[PDB]
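Report on the structure
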Amino acid sequence: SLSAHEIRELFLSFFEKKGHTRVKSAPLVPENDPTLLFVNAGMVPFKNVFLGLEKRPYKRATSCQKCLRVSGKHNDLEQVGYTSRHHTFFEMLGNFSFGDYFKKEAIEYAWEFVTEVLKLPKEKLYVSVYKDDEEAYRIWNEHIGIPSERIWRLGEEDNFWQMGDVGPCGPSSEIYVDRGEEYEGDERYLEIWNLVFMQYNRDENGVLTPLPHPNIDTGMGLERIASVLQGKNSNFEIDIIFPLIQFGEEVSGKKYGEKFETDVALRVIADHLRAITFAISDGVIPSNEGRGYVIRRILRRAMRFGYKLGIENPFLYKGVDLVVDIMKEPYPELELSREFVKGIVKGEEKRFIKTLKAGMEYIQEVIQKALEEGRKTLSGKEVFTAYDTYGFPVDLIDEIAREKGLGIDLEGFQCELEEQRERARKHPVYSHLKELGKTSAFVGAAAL
């Protein structure tokens, strides 16, 4: 079965036995990358090295990166708690090559650790490569020995990894594992590995040129693989995250595995406790602007979902001093910042619990008053008041309102934002007058 920690230690120790160095985990917040607040994948910290701007003592490197996908293209937040595979904070395993070994090595190195090291079967796996990849389809099939009857040929929406609209990109082949006829889909076959082969130079357009020094970039969400091995149909029912579901049940009063929405709030608390703690640990300080507003929304959401469960008083602060034991083996520095994170998180609670309440009775009444008269959405003025008088993120409102069935009209919200701002000029975070609604969903009202 192997624990989540053993899987990691082994992984990181496997590629060393092949030359790859062990690059310590980089902080989720790139010291000098005003580009992307939080890191999303293992490659992010090595982006320059790949291109070839940052030198490097080695030519190979493995790791387990901390990641937060609470934003944009890689933004699983919207669904967090509504499934069993989506997370804000997650760990990504992998190995990297810089103009060194390519397809073959990456393909073999990832074929051994799966069939001869983790002990996972070899007949219940399905590999996928670039369609016309007579180069990659041949490797998997011939040398590797994967039966041709388990190799699909997909398109870009399935196998064309690009660093950006213009950059190092190439053919990406994934590895799937079957999980019983009962279920099916992407839940029966779990893509527990993505091996990306940086082959071309995508210029300002789509004109691709080969690279006399192709790169490698693979990824494997720990939580995902550390589930199939354990035999759980939920990434949350694993040792490293399960006790967290047991943190809500204890504090709340409900159980896991009875009601849908009840099971949703529970997964939210477990998911957002790991996020805020790892964040606040890497220096992030909650604020009414960007980054500090991100953790604020991840924290605020946890305070709202919990409340639903009936947890009248703060309860997350009793979580941070818990994520430590469940994650101190790999990230020891989580014990030094402990107390610091505990007070930071307890602040957003004491300094933020009752407003969420007085802000909830509001949303239920404005919704009931609306859906009574058949009004499909709440005016932009009915959303603004929650955003200002109660500091409700333009995201949290859109959620609770979706639970009844009424959404929120943005256009109106937009006008309301203008009339207000306009008011000030007649009657830090800096927006545009058209990106008010757009921007306001990323900061607070005391930021506009």
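Description of the structure in this document.

1. Quick look at the overall build of the chain
Secondary structure assignment for the chain yields 17 helices and 13 strands. Against the globule reference of 22 Å for 448 residues, the chain gives a C-alpha radius of gyration of 24 Å, in line with a compact fold. On the principal axes, the C-alpha backbone points of the chain span a range of 70 × 50 × 45 Å. Buried residues in the chain amount to 52% of all 448 residues. As displayed, the chain has an accessible area near 21,000 Å², and 49% of this comes from carbon and sulfur atoms.

2. Section: the pairing of strand β6 (residues 125–130)
Bridge count for β6 against strand β9 (residues 168–177) is four bridges, and the pairing is antiparallel. In the strand pairing of β9, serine 128 is matched with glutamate 174. Two elements, β6 and strand β7 (residues 151–154), share four bridges in a ladder whose sense is parallel. Bridged to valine 127 within β7 is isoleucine 151. Crossover connection from β6 via helix α4 (residues 134–144) to parallel β7: handedness right-handed.

3. Some remarks on the pairing of strand β5 (residues 89–98)
Here is the key point about a regular strand: its side chains alternate between the two faces of the sheet. The element β5 is largely enclosed, with a buried count of ten among its ten residues. Of the two faces of β5, the one carrying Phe89, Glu91, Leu93, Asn95 and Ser97 and the one carrying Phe90, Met92, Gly94, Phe96 and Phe98 are both buried. Summarising the sheet, strand β2 (residues 60–68) and β5 pair through nine bridges and their orientation is antiparallel. If you follow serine 63 over to β5, its bridge partner there is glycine 94.

4. Some thoughts on the nonpolar core
Ranked by size, the top nonpolar core spans 120 residues in total, and within it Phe38, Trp140, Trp193 and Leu316 carry the most contacts. Looking at this core element by element, the count peaks at twelve residues for helix α8 (residues 260–281). Excluding residues within four positions of it along the chain, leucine 316 makes contact with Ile269, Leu273, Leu299, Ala302, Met303, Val345 and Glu349. In this structure, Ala41, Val44, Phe98 and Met198 belong to the second largest nonpolar core, which totals 18 residues.

5. A closer look at empty space enclosed by the protein
The computed volume of the largest cavity comes to approximately 80 Å³. Counting residues per element, the ones that place at least two in the lining of the largest cavity are α9 (290–309) and α12 (354–358).

6. Here we look at unusual backbone geometry
For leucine 2, which is not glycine, the phi dihedral falls at a positive 65°. Following the sequence through the fold, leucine 2 ends up in the segment before α1 (4–14). Of the residues examined, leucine 2 reaches a relative accessible area of 28% and is grouped as partly exposed.

7. So, the layout of surface pockets
Within this model, the second largest pocket holds a volume of roughly 1,100 Å³. In this structure, the second largest pocket is lined by 39 residues; those nearest its centre are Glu78, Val394, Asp395, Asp398 and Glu399. Among the elements that line the lining of the second largest pocket, the one with the most residues is helix α15 (residues 396–404), at seven residues. Considering only residue class, the lining of the second largest pocket consists of 17 nonpolar, six polar and 16 charged.

8. Some details on helix α11 (residues 338–350)
In a regular helix each residue adds 1.5 Å, so 13 residues correspond to 18 Å; α11 covers 18 Å between its end C-alpha atoms and thus fits that length. Inspection of α11 places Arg338, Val341, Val345, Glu348 and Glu349 among the buried residues, and these make up the whole buried set. Take α11 and look down its axis: the buried residues cluster within an arc of 105°, on one side only. Looking at α11, the residues exposed on the side facing more than 90 degrees away from the buried face are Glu339 and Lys350.

9. Some words on the packing of aromatic side chains
Under the criterion given, the structure shown has 25 aromatic pairs. When the centroid spacing of 4.6 Å and the interplanar angle of 75° are considered together, the rings of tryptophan 152 and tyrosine 176 count as edge-to-face. With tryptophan 152 in strand β7 and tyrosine 176 in strand β9, the pair connects residues that are 24 residues apart, well separated along the chain. By relative accessible area, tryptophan 152 is classed as partly exposed at 29%. Overall, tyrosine 176 belongs to the buried group, its relative accessible area being 11%. Ring geometry for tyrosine 387 and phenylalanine 413: centres 5.6 Å apart, planes at 80°, overall edge-to-face. Here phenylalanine 413 lies in helix α16 (residues 410–424) and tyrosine 387 lies in helix α14 (residues 380–388), a separation of 26 residues in the sequence. Both residues of the pair, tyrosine 387 and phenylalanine 413, count as buried. Among the aromatic residues, those joined into a cluster by ring pairs are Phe11, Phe14, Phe15, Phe113 and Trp193. Lying across the ring of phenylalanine 305, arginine 304 places its NZ or CZ 4.8 Å from the centre.

Reading guide: rules and limits
- Residues numbered from 1 in each chain as written, not as in the entry; some residues may be left out.
- Heavy atoms only, no water.
- Helix = DSSP H or I, 4+ residues; strand = E, 2+ residues; numbered from the N terminus.
- Rg over C-alpha atoms; globule rule 2.2 N^0.38 Å.
- Buried < 20%, exposed > 50% of the residue type's maximum accessible area, 1.4 Å probe, protein only.
- Areas by Shrake-Rupley, 256 points an atom, 1.4 Å probe, with all protein chains shown as cover.
- Pairing = 2+ DSSP bridges.
- Right-handed = clockwise from strand over helix to strand, strands pointing away.
- Core = buried A, V, L, I, M, F, W, Y, C linked by side-chain atoms within 4.5 Å.
- Contact = heavy atoms within 4.5 Å.
- 1 Å grid on protein atoms, 1.4 Å probe; cavity = no way out; pocket = protein on both sides within 12 Å on 5 of 7 lines; lining within 4 Å.
- Points joined across faces, edges and corners; volume = space filled by probe spheres on them.
- Nonpolar A, V, L, I, M, F, W, Y, C, P; charged D, E, K, R; others polar.
- Expected span 1.5 Å × (residues − 1).
- Arc of directions from axis to C-beta.
- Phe/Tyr/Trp six-rings, centres within 6.5 Å; stacked < 30°, edge-to-face > 60°.
- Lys NZ or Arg CZ within 6 Å of the ring centre and 35° of its normal.

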